[PDB]
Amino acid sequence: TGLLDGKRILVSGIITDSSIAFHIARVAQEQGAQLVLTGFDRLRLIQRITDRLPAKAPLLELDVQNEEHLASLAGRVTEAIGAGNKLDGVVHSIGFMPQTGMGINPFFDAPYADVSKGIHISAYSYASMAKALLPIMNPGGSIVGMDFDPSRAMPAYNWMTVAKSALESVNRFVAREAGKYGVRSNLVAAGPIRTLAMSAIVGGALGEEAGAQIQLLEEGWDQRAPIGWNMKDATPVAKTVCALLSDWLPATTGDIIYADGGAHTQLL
């Protein structure tokens, strides 16, 4: 077997060993994939964690907010996999919001300067990444970002909701350019996963109206999800991501696949 068998996917956004990107990559390799990898500020950290995957694989420094890594990235990657070689898949799995736009901080008190920031990171960078990586992808390719149903408002998620909505729209336009290169572009709207990022929020709000309202929300997934949802286990979202990087969903783009155990399709 080998779903991603001798395919070449740069997975981005790893920063610990239950980061979503991570279990994507793990499952990716269990699966013949052959990965490049990007990381943010503390490379050495990421670097340390990456060292834990089945097989070894290159890591390059990507601060989505500055165009020299943007401008160089396809050079570097082709360096990483050898000139006369092309990307088969790309995994966007970054995302970020100033503490002031989330959890308990009131919605109206987040200042555009910080909103601008996490949009920049969570939404726009899906496009910048696609701009730079597409010139080196093969026909039949696949780009995949990570999504959280921004479709209906909920507590705490606040402005990130707003930036995931932007995301969904950007993904749509990305799929128009992706089309020219023969390339698919989609998001996976994951149910909640226990993650560095998940606990930045769940932590940075603790004892207010929050270690609660969001608590309900949480149990709200497993209750609603006909086949259940286990926030502890990332692999189902990673398999879902793999499915889109594969060739087995050839006819789908500009689109969102919901890996949340059916929750979003259920009212209770």
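Start at 1 and count along the sequence shown; that's the residue number.
For the segment pair 108 to 116 and 184 to 192, the entry gives 108 to 116 the higher mean B-factor, averaged over Cα atoms. The PDB entry reports B-factors from which the mean C-alpha value can be compared for 224 to 232 and 52 to 60; the larger average falls on 52 to 60. When the C-alpha B factors of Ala175, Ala123, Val91, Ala71 are read from the deposited coordinates, the top value falls at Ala71. For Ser151, the recorded CA B-factor ranks within the lowest third of the chain. Only modelled residues enter the ranking. Per the deposited record, the Cα B-factor of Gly140 falls in the middle third when ranked against the other modelled residues of its chain.
The entry lists a Cα temperature factor for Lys131 that places it in the middle third of the chain's modelled residues. Sort the chain's modelled residues by C-alpha temperature factor and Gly84 lands in the highest third, per the entry. When all modelled residues of the chain are sorted by CA temperature factor, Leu267 is found within the lowest third.
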